[PDB]
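Just one chain is shown here, as structure tokens, and it is the form deposited in one PDB entry.
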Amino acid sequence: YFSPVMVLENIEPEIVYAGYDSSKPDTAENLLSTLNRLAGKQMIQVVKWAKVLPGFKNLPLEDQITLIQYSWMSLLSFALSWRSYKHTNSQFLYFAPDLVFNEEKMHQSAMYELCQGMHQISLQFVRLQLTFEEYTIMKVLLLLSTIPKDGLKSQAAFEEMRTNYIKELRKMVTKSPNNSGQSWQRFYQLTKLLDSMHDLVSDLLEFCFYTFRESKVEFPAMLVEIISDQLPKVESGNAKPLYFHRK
């Protein structure tokens, strides 16, 4: 089918600024509009990254679009967890170099409990001492974690890609079991962490869909397009989360 992990390390998008205006009042509307502005800019980076992701080009365009639309919140939240871990040892939420949340901003954003949920994932990165190689493979698995209930246009091509990235994660933990002791132990800690993202992302999307439909919260064109397509699919039960270990 295929060093694909060395490709993943080299194609990871560069950090982007939020464009946070600290002279404007820190109302929830201003903070959430800033997060949406940042999410839109990051989504352009995600599409460019996915285009050069080994294997992704094999999937038909309709399936590439479906996967990006269903996984956007997972990809962005997992990368937020990574930056928080790398840059602050998971003490703060590192949205961008110019936007680092403390308790004050978590309250001001009107997303305090969701920010605490996010902080709990970054704390798991510290507990596991997650490596960049592990992070990059796991982020590809998140792009491949949510599909239509009735499947994709090219379901077998998708399954081949996801199976091969799972094999890469198993090989990575076989070469490096890290602080978990044995290779199998590491593997199940990583798959348990990947599965835990579905519940956090479901909660993040519920609030995002609420502000999108009831809105001074501004959304960039990139998010208006993704959310307008995704929202009816998620709410009608068409988005099937793939779990390694069923609840």
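The term rigid core refers to the maximal set of C-alpha atoms that superpose within 1.5 Å between the two forms. The first residue of the sequence shown is number 1, and the count goes up from there.
Only in words, not in the display: the form deposited in another entry, which the text now covers.
- Per-residue Cα shift between the shown form and the other one after core alignment stays below 2 Å for all of 64, 191, 30, 180 except 180.
- Put the two forms on the same core and the Cα of residue 152 is off by less than 2 Å between the shown form and the other one.
- With the core held fixed, residue 110 shows a CA shift of 2 Å or greater between the shown form and the other one.
- Between residue 177 and residue 120, the Cα spacing is larger in the other form than in the shown form, differing by no less than 3 Å.
- If you compare C-alpha positions, residue 194 and residue 110 are 3 angstroms or more closer together in the other form than in the form on display.
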